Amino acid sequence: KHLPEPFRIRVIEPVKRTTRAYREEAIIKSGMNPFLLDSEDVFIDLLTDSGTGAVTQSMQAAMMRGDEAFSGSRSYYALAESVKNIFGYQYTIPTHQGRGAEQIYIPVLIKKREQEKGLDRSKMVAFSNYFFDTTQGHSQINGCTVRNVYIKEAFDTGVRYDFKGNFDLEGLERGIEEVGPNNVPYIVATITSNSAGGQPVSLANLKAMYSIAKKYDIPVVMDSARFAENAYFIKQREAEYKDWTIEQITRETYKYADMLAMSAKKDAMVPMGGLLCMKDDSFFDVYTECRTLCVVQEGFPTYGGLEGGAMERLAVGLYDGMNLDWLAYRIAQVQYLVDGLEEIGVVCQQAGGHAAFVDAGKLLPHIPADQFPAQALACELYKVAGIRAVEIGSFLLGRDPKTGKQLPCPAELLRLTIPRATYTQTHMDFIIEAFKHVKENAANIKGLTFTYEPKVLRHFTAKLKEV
C-alpha cells in the first residue's frame, strides 16, 4: 500500500505533458540516448535520486540565513551542532565534493596505521559490508585492496532476510586474521548497504562489527548517505528498537563507528553537500589531519566550501530527513513500485531501497546483448511515457581499453531510482502502466547500434540508431 504524503505540497516545478510524436522526434534527436535529452522533455526523471529530491519549508528558508565568513561562521557552527546532537560526533568537516571527502580520510587513515602500527602498503586491505563504487575507487587509487564481507543472503532474491546489508561477521574476522590487523587501515560500514539494490544493516550487526574492529583497534567509518532509511528499517524490523525514535536509533547506531562520511544528497534531503565527522577526542588527530589535507589536497593551498545558506540548510535537513512519517512514506513508495512491477511480470535482478534493476534481457529476449536491450528499453520507456532511466549493462560497460572489443556483461539491466518527495502514487502507477505496455509490445522493439561513439564514458554522449 502506498501511504498518503505526510505533508502538503507547497512549491512545484511545472513539467509539460508531451505527445508521443514529440517524444519520438526527441529521442531520435538525442541519438537514442536519454542522457542527451533536455530535462524539460522528460516527464518522470528516474535517472538518479542524488540531490534531485524536494526540500522542506524550513530547509529552503535556511538558505537565506547564511553567514559567509571564511572562518568562524555561525552557519558552520549550526551544522556542527546538528551533527553533535544527532550523531553525537564532536568534530565536523563540511564537504562539497564527491561523497564525503573519501579522497581525504582514506590517505589519512592509511598513513596513521603506517606510522603507528607499521602498516605495509603492499599488503593493506580494507573491509566493508559493501563498498560504494567511489569508496572502492579512492581505496584502490591509494593502493589499498578492498573486500566486501556481505552475508550469503545478501544477493539471494529467493530468500527473504530482514537485514541483507549485514556484515559477514566471521568473514570479517577471518579476513583481518588473514591479512594481518596492522595491514587493515579501516573498515567501512555502509548504511543502508548498496548491495542488492539497497539493504539495511541491523544495530546488532553494527555492534558486533564494532567490537571486532575495536578488538584490533581498526578505525570504523560509517558511510551514511542513507542513515535515516537504515534507522527506519531497524525500527521496523529489529524488535529491540521497535519503540525507539529514529533519532534514538541513530544516536545509538553511531556509537559503533569512530567517524562518519556521507553525501548529504540522499537522506539528508539537499542538492549539495557532504560531511566528514569524528566522534570524539580519540580521533582528534584524524580530524586535524583531514582538515589539513582538505586545504592542501592538491599539493598546495586551495580554498572552497559550501556557502553559508547550504550549511544552514543541511543543519535542518539532517533533522527533517529523520522524520518518521516521511521515512515510512518514502520507503513504502519504493516498495509500491517494485511490487507493482512484479505483479505485471516484470523481473528485476535485484531491487531494494536504493533502486530497482529491471532485467531488460528477459523483457526483450529477441535483442542481442551487443545491441543493448536495456538501452532499447530505456528508449522505449521514454517514447511511451516520457520516463528516463539509466542502462546498467553492455552499453555502460563499454569496450576493453586494450582490445577495443566490447566487454562481456553478466546481465542487461535498466536502473530505476526515485527522487525523494518528488513523484506521487499516480506517477508510480504511470510507470507500472508503461512497463505493462512495453511488455505487451516487446517483440516489436528494436536493438541499437552506434552512429557516434566516444572513446571513454560512451554512455553519456554516444548516439545510436535502430537496427
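Just count from 1 along the sequence shown to find any residue number.
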note = Averaging the C-alpha temperature factors as deposited, the higher value of 420-428 versus 404-412 falls on 404-412
message = Using only C-alpha atoms and the B-factors in the entry, which stretch averages higher, 233-241 or 67-75?
response = 233-241
task = In terms of CA temperature factor as recorded, identify the highest of 274, 198, 301, 219.
result = 301
query = For the listed 367, 314, 191, 257, which has the peak Cα B-factor recorded in the PDB entry?
reply = 367
task = State the tercile, meaning the lowest, middle or highest third, of residue 462 with respect to the CA B-factors recorded for its chain.
result = middle
key: Ranked against its chain, the third holding the CA B-factor of residue 101   = highest
remark   = Assert third(CA B-factor, residue 455) within chain per record equals highest
Among modelled residues of the same chain, the CA temperature factor third for residue 441 = highest
Entry-reported Cα temperature factor of residue 391, expressed as the chain third it lands in = middle
